[PDB]
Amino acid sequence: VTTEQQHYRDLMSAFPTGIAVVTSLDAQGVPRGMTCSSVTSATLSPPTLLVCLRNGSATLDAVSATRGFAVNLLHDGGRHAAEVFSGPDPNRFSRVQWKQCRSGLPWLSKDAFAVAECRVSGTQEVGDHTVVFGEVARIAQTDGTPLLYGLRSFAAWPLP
């Protein structure tokens, strides 16, 4: 017995999350990234998160080529960035402010309140996606109200 895809979409839509832009570099050195809601903590020993990226995506290809990626947590002013990095716009990085970290990884310096640089420590394919484990290597974090996505809409963390 297996549920239908629409019922599953409706279920998962009702689990709201923060919003990241996951970034890396492709083999040509070109920044790549996507809006990502699948950031999940895996373990503290060593500090490891995971993301789940669509197979064939430019971002997964860059993550695999660089074996590292940055997780840029968006604050409430970052809705436009989240739209850019989930939509059909070309040259997404020309539409946001960004800087290259010491690692070379793209950091969204205006739209994110925190950025974690991760080394790819393993992957696991599941259907048409790949779970990517990231061992966190460097963190820069400031105060900010997190952007949220849930029930097919953007919102803001409701507490000061």
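Numbers follow the displayed sequence, beginning with 1.
Look at the mean CA B-factor for 100-108 and for 39-47 in the entry; the higher one is 100-108. Between 19-27 and 133-141, it is 133-141 that carries the larger average Cα temperature factor according to the deposited entry. Each of 55, 94, 66, 59 has a CA temperature factor in the record; the biggest one is found at 94. Among all modelled residues in its chain, residue 34 ranks in the lowest third by Cα B-factor.
Annotation for residue 114: C-alpha temperature factor in the middle third relative to the rest of the modelled chain, per the entry.
When the modelled residues of the chain are ordered by their C-alpha B factor, residue 120 lands in the middle third.
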